[PDB]
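Since the structure comes first, as structure tokens, the remarks are kept for the end.
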Amino acid sequence: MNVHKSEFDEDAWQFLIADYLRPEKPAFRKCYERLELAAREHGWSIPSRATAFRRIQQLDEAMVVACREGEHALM
């Protein structure tokens, strides 16, 4: 039973969330276009871009640290 918040392929949403949490910090406007190419390969029905960002806001400002949690290492 998928949660009410979900409204499309859960696998596609996880892909987008995984990239946002990467220390790369992809451009939301341009990164979404790259996701569309991924949807063609998996045939995922992506939600409207507005729905995605609105969902990102429920993650909380702390989620920003989740993206910047990138650990530094060089010594």
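In the structure tokens, each chain is lettered A, B, ... as it comes, each chain's residues begin at 1, and ligands are numbered from 1 in order of appearance.
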**Message:** Residues near residue A:71, anyone? I mean within 12 Å using only C-alpha atoms, not counting same-chain ones fewer than 6 positions away, as a list in words.
**Reply:** residues 22, 23 and 65 of chain A
**Prompt:** Where does DSSP see helix (DSSP H, G or I) in chain A, if you list the residues as number ranges by chain?
**Reply:** A: 10-20, 28-42, 49-59, 62-68
Restricting the output to N, CA and C atoms, write the selected residues as a tab-separated table (two decimals), in the first residue's frame.
```tsv
chain	number	residue	atom	x	y	z
A	10	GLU	N	7.34	5.07	-7.37
A	10	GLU	CA	8.21	5.33	-6.18
A	10	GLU	C	9.68	5.23	-6.59
A	11	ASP	N	10.00	4.30	-7.45
A	11	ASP	CA	11.42	4.11	-7.87
A	11	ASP	C	11.94	5.39	-8.52
A	12	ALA	N	11.14	6.05	-9.31
A	12	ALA	CA	11.63	7.29	-9.97
A	12	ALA	C	11.86	8.39	-8.91
A	13	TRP	N	10.97	8.52	-7.97
A	13	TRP	CA	11.15	9.56	-6.92
A	13	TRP	C	12.45	9.29	-6.14
A	14	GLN	N	12.73	8.06	-5.83
A	14	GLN	CA	13.97	7.73	-5.07
A	14	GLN	C	15.19	8.19	-5.89
A	15	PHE	N	15.16	8.01	-7.18
A	15	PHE	CA	16.33	8.43	-8.02
A	15	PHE	C	16.55	9.93	-7.84
A	16	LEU	N	15.52	10.70	-7.98
A	16	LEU	CA	15.65	12.18	-7.82
A	16	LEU	C	16.14	12.54	-6.41
A	17	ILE	N	15.58	11.92	-5.40
A	17	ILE	CA	16.00	12.23	-4.00
A	17	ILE	C	17.47	11.85	-3.81
A	18	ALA	N	17.87	10.74	-4.35
A	18	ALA	CA	19.28	10.31	-4.19
A	18	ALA	C	20.22	11.36	-4.78
A	19	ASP	N	19.88	11.92	-5.91
A	19	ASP	CA	20.78	12.93	-6.52
A	19	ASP	C	20.78	14.22	-5.70
A	20	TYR	N	19.64	14.64	-5.23
A	20	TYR	CA	19.60	15.89	-4.42
A	20	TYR	C	20.47	15.73	-3.17
A	28	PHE	N	18.23	22.21	-9.81
A	28	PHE	CA	16.84	21.68	-9.79
A	28	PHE	C	16.17	21.86	-11.15
A	29	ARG	N	16.31	23.01	-11.74
A	29	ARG	CA	15.65	23.24	-13.06
A	29	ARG	C	16.31	22.37	-14.13
A	30	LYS	N	17.61	22.32	-14.17
A	30	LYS	CA	18.29	21.49	-15.21
A	30	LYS	C	18.30	20.01	-14.81
A	31	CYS	N	18.52	19.72	-13.55
A	31	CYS	CA	18.56	18.29	-13.12
A	31	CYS	C	17.23	17.61	-13.42
A	32	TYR	N	16.13	18.31	-13.30
A	32	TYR	CA	14.82	17.67	-13.57
A	32	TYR	C	14.80	17.19	-15.02
A	33	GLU	N	15.35	17.96	-15.92
A	33	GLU	CA	15.37	17.54	-17.35
A	33	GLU	C	16.15	16.23	-17.48
A	34	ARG	N	17.24	16.10	-16.76
A	34	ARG	CA	18.04	14.83	-16.83
A	34	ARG	C	17.16	13.69	-16.32
A	35	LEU	N	16.40	13.94	-15.29
A	35	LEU	CA	15.51	12.88	-14.75
A	35	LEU	C	14.53	12.45	-15.84
A	36	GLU	N	14.05	13.38	-16.63
A	36	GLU	CA	13.08	13.02	-17.70
A	36	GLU	C	13.74	11.98	-18.62
A	37	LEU	N	15.00	12.15	-18.93
A	37	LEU	CA	15.69	11.15	-19.78
A	37	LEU	C	15.67	9.80	-19.06
A	38	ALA	N	15.86	9.80	-17.77
A	38	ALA	CA	15.84	8.52	-17.00
A	38	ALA	C	14.43	7.91	-17.06
A	39	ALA	N	13.42	8.73	-16.95
A	39	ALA	CA	12.02	8.21	-17.01
A	39	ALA	C	11.78	7.52	-18.35
A	40	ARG	N	12.36	8.00	-19.41
A	40	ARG	CA	12.13	7.34	-20.73
A	40	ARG	C	12.70	5.92	-20.67
A	41	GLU	N	13.85	5.76	-20.07
A	41	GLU	CA	14.46	4.41	-19.98
A	41	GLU	C	13.61	3.48	-19.09
A	42	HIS	N	13.12	3.97	-17.98
A	42	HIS	CA	12.30	3.12	-17.06
A	42	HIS	C	10.81	3.35	-17.33
A	49	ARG	N	6.71	19.20	-11.96
A	49	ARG	CA	7.91	19.74	-11.26
A	49	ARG	C	7.49	20.45	-9.97
A	50	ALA	N	6.39	21.15	-9.99
A	50	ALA	CA	5.95	21.87	-8.75
A	50	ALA	C	5.72	20.87	-7.61
A	51	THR	N	5.10	19.76	-7.90
A	51	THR	CA	4.84	18.72	-6.85
A	51	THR	C	6.16	18.21	-6.27
A	52	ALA	N	7.14	18.02	-7.09
A	52	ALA	CA	8.44	17.50	-6.58
A	52	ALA	C	9.04	18.47	-5.55
A	53	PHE	N	9.24	19.71	-5.92
A	53	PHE	CA	9.83	20.70	-4.96
A	53	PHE	C	8.96	20.85	-3.72
A	54	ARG	N	7.67	20.88	-3.89
A	54	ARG	CA	6.80	21.02	-2.70
A	54	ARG	C	7.06	19.83	-1.78
A	55	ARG	N	7.21	18.66	-2.35
A	55	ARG	CA	7.51	17.45	-1.53
A	55	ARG	C	8.89	17.62	-0.88
A	56	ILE	N	9.84	18.17	-1.61
A	56	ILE	CA	11.21	18.36	-1.03
A	56	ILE	C	11.11	19.24	0.22
A	57	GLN	N	10.28	20.23	0.19
A	57	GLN	CA	10.14	21.15	1.36
A	57	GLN	C	9.66	20.39	2.61
A	58	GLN	N	8.95	19.31	2.46
A	58	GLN	CA	8.47	18.56	3.66
A	58	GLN	C	9.65	17.81	4.29
A	59	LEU	N	10.73	17.67	3.57
A	59	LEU	CA	11.91	16.96	4.13
A	59	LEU	C	12.48	17.80	5.26
A	62	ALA	N	16.62	20.90	7.48
A	62	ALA	CA	17.73	20.00	7.90
A	62	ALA	C	18.13	19.14	6.72
A	63	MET	N	17.21	18.84	5.85
A	63	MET	CA	17.56	18.02	4.66
A	63	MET	C	18.69	18.73	3.90
A	64	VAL	N	18.79	20.02	4.03
A	64	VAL	CA	19.89	20.73	3.33
A	64	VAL	C	21.21	20.16	3.84
A	65	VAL	N	21.29	19.90	5.11
A	65	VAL	CA	22.54	19.30	5.67
A	65	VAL	C	22.67	17.90	5.10
A	66	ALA	N	21.56	17.25	4.86
A	66	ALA	CA	21.62	15.89	4.27
A	66	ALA	C	22.34	16.00	2.93
A	67	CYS	N	22.14	17.08	2.21
A	67	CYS	CA	22.83	17.26	0.90
A	67	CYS	C	24.28	17.71	1.15
A	68	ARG	N	24.49	18.55	2.13
A	68	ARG	CA	25.87	19.06	2.42
A	68	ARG	C	26.59	18.14	3.42
```
**Message:** Between atom CA of residue A:24 and atom CA of residue A:2, what distance in Å does the model show, to one decimal?
**Reply:**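 Going from atom CA of residue A:24 over to atom CA of residue A:2 covers 29.5 Å.
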**Request:** Could you check which of A:69, A:45, A:61, A:74 is closest to residue A:6, using only C-alpha atoms?
**Result:** A:45
**Prompt:** So what do you get for atom CA of residue A:43 versus atom CA of residue A:5, distance-wise?
**Reply:** 20.6 Å
